[PDB]
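Okay, here we've got a single chain as structure tokens, the form deposited in one PDB entry, with questions on binding and movement later.
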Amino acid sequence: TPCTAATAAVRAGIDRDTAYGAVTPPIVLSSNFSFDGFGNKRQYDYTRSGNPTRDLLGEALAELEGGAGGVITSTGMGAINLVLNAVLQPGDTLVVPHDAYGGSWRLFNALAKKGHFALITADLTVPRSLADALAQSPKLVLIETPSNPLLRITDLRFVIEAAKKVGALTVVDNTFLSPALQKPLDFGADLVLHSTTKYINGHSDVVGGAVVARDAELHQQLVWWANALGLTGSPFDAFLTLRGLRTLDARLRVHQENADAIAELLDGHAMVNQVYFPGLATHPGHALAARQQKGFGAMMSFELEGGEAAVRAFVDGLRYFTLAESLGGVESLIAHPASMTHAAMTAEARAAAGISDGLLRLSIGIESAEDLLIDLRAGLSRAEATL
């Protein structure tokens, strides 16, 4: 037998210390490693290039995604940066989703303005938009599913096959669901990447990124570029992220229980005009999400009746949703993306992506369902009091 993915995450680096037989893996902060006498480099020589603590996390995420190996970067934006430098040169074309993370948008646009590559932004959910983008022979197609923050679902099998047919590489940003809820490489993707800052770490105390390649040769290119650009992460951050990873399965059971209870409260509630949550049969992408995901996750957004005055009364008084950026932590978060997560975009790359200004996004934590539901009811009720 191999073990399950939950067993492998819990046991990553457990009882793998040759020095002392430590159960928990030691933190190797060391910048440098001795040679074994003249001309004899050990497995490791310099932490920017390779570090064993970082490589445990690399190997664990590669085993979870079904990849040949993993590279750990200082940030999730760094992992995207690494893929752009490893794969694209000027004259190559990149296809990206129209509703990708605002930070992804900012980076694609600033590097396209300089001429590092040509950029096509398409709606990958619309066959016409996709086939128009693939007709232009792109080197690389980026998929982000589900999308942040309207939870649009992209058909992995479909887009990946359409991209193979024209000779394009595919990279999927799998941050929103993590490896425990979606395995893009199962559907033939070349590359999967994460902001480990979110669910993989789970404790809102590490900014980090990962890239896992299906193929050994593309993994070796990512290792080379990560070292040459200096994008590699801190061993201390890898140590906390690996510790975080050990509870990813346990955490997501509670996240998903809470999210199912909260989607049921928000959907058809008098003060809520629209819920974006792939778990609702009415959500465009529900059946796709039910098929290509092991679960519907714990990210959702919703449009509150009553414009800005209603949002303000909803938000001001929350005891258990902290008004902050980021997502995927044990603690429940709320955000208003126009102003907050999506402020990097122009006011009509925002309207083109369909991100309103009366929209709230919830990152549902692992608190008691009943406490979060009391917290949301009190807010809905403060929003009602403003009509």
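Think of the rigid core as the biggest set of C-alphas that the two forms share within 1.5 Å after superposition. The numbering used is simple: start at 1 and walk along the sequence shown. Shifts are known only where both forms have a C-alpha.
One more form of this protein, deposited in another entry, exists but is not displayed; see below.
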(request) Inspect the rigid-core superposition and answer whether the C-alpha of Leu323 shifts by 2 angstroms or more between the shown form and the other one. (result) no
(request) Take the rigid core as the frame of reference and indicate whether the C-alpha of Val28 shifts by 2 Å or more between the shown form and the other one. (result) no
(message) Quick check: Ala344 between the shown form and the other one - does its CA shift reach 2 Å or more after fitting the rigid core?
(response) yes
(request) Could you point out the stretches of 3 or more consecutive residues whose C-alpha atoms all move by 2 Å or more between the shown form and the other one when the rigid core is superposed? (result) 342-357
